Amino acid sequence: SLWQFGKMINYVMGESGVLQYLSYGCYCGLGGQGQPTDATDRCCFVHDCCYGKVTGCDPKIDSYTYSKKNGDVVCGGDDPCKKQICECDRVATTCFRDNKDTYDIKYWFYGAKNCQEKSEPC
């Protein structure tokens, strides 16, 4: 669930992470549109596309099983569908980490208006 996605971000990117990543560019959040602004936003675009692949459960509100250890996150449990949600979130988190160097506050709480164009196909 997004509640877990937030915790996962805070653990991997630090306590200020949720505020830093849950409203960025055109896709960071949930249910974006238009063209990704930069690499970090591309992470969220892939994340959104990932949630779109989940059909046996609700990636937005269904809770999954995961662990925290040495800065990283590990997906657990035995439910195939829930494990798939967790994987979508885990990949997005490491992606934020790998692209930290180009994060631009210019796209922080960017505003939907600039994203109102045909969305890039997954």
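So that there is no doubt, residue numbering starts at 1 and follows the sequence shown.
*Asks:* Out of 67-75 and 38-46, which one has CA B-factors that are higher on average in the deposited record?
*Replies:* According to the PDB entry, the answer is 67-75.
*Asks:* Determine which member of 30, 88, 26, 54 has the highest CA B-factor, using the values in the deposited entry.
*Replies:* Out of 30, 88, 26, 54, the record gives the largest C-alpha B-factor to 30.
*Asks:* Determine, from the deposited record, the chain-internal third of the Cα B-factor for residue 18: lowest, middle or highest.
*Replies:* Its C-alpha B-factor, which the entry lists for residue 18, ranks in the middle third among residues of this chain.
*Asks:* What third of its chain, lowest, middle or highest, does the C-alpha temperature factor of residue 12 fall into?
*Replies:* Tercile = middle for this residue's CA B-factor.
*Asks:* How does the C-alpha B factor of residue 107 compare with the rest of the chain: lowest, middle or highest third?
*Replies:* Tercile = lowest for this residue's CA B-factor.
*Asks:* By its CA B factor, does residue 97 count among the lowest, middle or highest third of the modelled residues in the chain?
*Replies:* Tercile = highest for this residue's CA B-factor.
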